[PDB]
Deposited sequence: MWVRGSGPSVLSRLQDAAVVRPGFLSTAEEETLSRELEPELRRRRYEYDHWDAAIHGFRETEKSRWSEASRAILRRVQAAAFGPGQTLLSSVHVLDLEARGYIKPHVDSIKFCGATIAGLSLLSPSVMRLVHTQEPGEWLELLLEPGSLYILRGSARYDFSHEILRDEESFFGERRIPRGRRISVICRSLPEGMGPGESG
């Protein structure tokens, strides 16, 4: 329903490594972030395209000074995704344009620890993970507004991950029209 896989083996080994909690956020939680982030996002334009960047058609910011309503929500993520694993000083807020997308990559093992957790806002999209070593081993995730994903262990380190572009935005056989989508991403320290 939300996770698809190249085979039964990838699905089993990555069962608590790459996970999807759709409807992690209520409507009211969704609007709290949406509303809080819009001014600081509108305050910048969709930054320049440099062919070899991972992210295209995006603007972004790092936020650490949050409302009490928004802090409550990140703590929920923190609670649900991280253990004893310290957080980064701040949260990465990524605003993709409908025409924007994210190419396959692994997050900097230098700066990002062993867990990545993203909240998804506004519009649906699919994140694809492919084994770096083995192209045949992949998982696609359906990320809906209000969803939380967690990428940890081997899905963080031996798999690349990407958010598909509108012309490729498929979950199995089903087109998932791409719109503007904000991500709120929480990362662990090395």
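Unmodelled segments of the deposited chain, in sequence order: 85, 192-200.
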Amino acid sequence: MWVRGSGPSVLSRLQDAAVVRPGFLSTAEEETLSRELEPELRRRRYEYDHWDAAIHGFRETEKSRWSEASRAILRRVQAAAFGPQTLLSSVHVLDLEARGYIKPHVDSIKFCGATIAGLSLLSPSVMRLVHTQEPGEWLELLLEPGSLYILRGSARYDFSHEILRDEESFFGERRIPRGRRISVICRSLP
From here on, numbers count along this sequence of modelled residues.
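For the pair 38-46 and 143-151, the record assigns the higher mean C-alpha temperature factor to 38-46. Per the PDB record, of the two stretches 117-125 and 133-141, 133-141 carries the greater mean B-factor over its C-alpha atoms. The residue among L96, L87, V93, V106 whose C-alpha carries the highest B-factor in the deposited model is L87.
As recorded in the PDB entry, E68 shows the highest C-alpha B-factor of the residues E29, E68, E162, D158. Per-chain ranking of the deposited C-alpha B factor places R13 in the highest third. Annotation for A53: CA B-factor lies in the highest third of the chain's modelled residues. In the PDB entry, a CA B factor belonging to the highest third of its chain's modelled residues is recorded for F170. Ranked by Cα temperature factor within the chain, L189 sits in the highest third according to the deposited record.
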